[PDB]
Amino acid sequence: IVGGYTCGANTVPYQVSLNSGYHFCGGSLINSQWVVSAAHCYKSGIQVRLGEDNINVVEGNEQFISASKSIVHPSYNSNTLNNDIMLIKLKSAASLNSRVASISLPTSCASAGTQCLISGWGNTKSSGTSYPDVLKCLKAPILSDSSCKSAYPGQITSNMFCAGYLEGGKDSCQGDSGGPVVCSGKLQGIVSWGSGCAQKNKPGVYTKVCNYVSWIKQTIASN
């Protein structure tokens, strides 16, 4: 997260870290058994880390649970990042508590200008590299479809939206991918892609979760 702030320990209790010997992506707990993340975060052998603040220090509220299965969206296209969404099942159910909590799926898509919370452990610099150990947060509005498509002509599908600031300076970044964009209590986005981070007229692009609720519900009900 570039241009954000320290969230506060366990203030984003649906945020998870995907770990394969090291943190590599975020995700969102959507019920005690299931995490949603980005398809481009897929790999085998994921350990889901819940209840995290400092990902380099055991602070006492963590749950470490291996994934039993990963399901990439059937239409995920890594060339275009269309349908950049993936479900991960936990080998054992998470123990839900004030610090480990699920986030609701949207019943409907959200308006341009709606304020959202974006979070993750990714790079905090728009030029160069600095990774935080504690969770970082950003408040950012959904941008108009036309602003989004003007920034990224020929690249934005109906399954993507932009959020952030066309002036740059505040954005998601490498290492935030797969993590949440939450607006009015609903998981509206997944950190997906952009042109660098916090660049002018290049806001972050997010998977439009409202288009995937039927697939999420059907997939978890059969797996």
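So that there is no doubt, residue numbering starts at 1 and follows the sequence shown.
Q: Comparing 197-205 with 21-29, which stretch shows the greater average C-alpha B-factor in the deposited entry?
A: The deposited B-factors put 197-205 ahead on the C-alpha mean.
Q: Which has the higher mean CA temperature factor in the PDB entry, 153-161 or 174-182?
A: Between 174-182 and 153-161, it is 153-161.
Q: From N77, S102, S119, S126, can you pick the one with the highest C-alpha B factor in the entry?
A: Of the options given, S126 has the highest CA B-factor in the PDB entry.
Q: Between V134, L87, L90, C137, which one tops the list for C-alpha B-factor in the PDB entry?
A: That would be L90, according to the entry.
Q: When the modelled residues of the chain are sorted by Cα temperature factor, does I142 land in the lowest, middle or highest third?
A: It falls in the bottom third of the chain.
Q: Going by the recorded CA B-factors, say which third of the chain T107 sits in, lowest, middle or highest.
A: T107: CA B-factor falls in the highest third of its chain.
Q: C-alpha B factor of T114, ranked within the chain: lowest, middle or highest third?
A: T114: CA B-factor falls in the highest third of its chain.
Q: What third of the chain, by the recorded C-alpha B-factor, contains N54?
A: For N54, the deposited C-alpha B-factor lands in the lowest third.
Q: Rank-wise, by C-alpha B-factor, drop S66 into the lowest, middle or highest third of its chain.
A: According to the entry, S66 has a C-alpha B-factor in the chain's middle third.
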